[PDB]
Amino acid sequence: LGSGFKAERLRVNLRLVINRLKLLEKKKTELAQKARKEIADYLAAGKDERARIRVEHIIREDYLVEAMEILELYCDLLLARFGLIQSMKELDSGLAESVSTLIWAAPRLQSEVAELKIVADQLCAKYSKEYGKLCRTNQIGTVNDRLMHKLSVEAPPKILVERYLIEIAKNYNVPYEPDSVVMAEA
């Protein structure tokens, strides 16, 4: 029968992922400044309720850029230690976090980083579809907890929303009064 694992396709796509992440970190950071300005325009007008909803995107994007930097590290590690993948059949204990986390992250980010799907499919070819499915749910228990947190699809805590609006309002010198209850219960 045979193996679907194509080591060189994994190696190429790991590098492509790193470059794509470096590009998206910069682009997203720049876009985030524009978005903060738009929130300040909301506050100046003084569409408080609308700002509280819309600012959730900025929070998610800020967390995403930090997740991308983590993923960049893991790709670079696998490239550096690539011999351990291709020359040995068992998953190296020290690479388990990097491999599992890349497989977990792929579905979450593939819409913007297409080559991450290829990286994960190849890691699944190498380490089994069964292992891959346990990674995508973190049933495997080795996916990086900080990374998963940054990519959480949970609505941000009210206090975080308030803290972001407070800071944007300061930076643009526009009025804003935080939800006092939210601030108190923090």
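Numbering starts at 1 and runs along the sequence shown.
According to the PDB record, 157 to 165 carries the higher mean C-alpha B-factor of the two stretches 139 to 147 and 157 to 165. When the mean C-alpha temperature factors of 42 to 50 and 62 to 70 are read from the deposited coordinates, 42 to 50 comes out higher. In this structure the maximum Cα B-factor among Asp76, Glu97, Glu115, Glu90 is found at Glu90. Ranked by C-alpha B-factor against the other modelled residues of its chain, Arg20 falls in the lowest third. Ranked against the other modelled residues of its chain, the C-alpha B-factor of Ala32 as given in the entry falls in the highest third.
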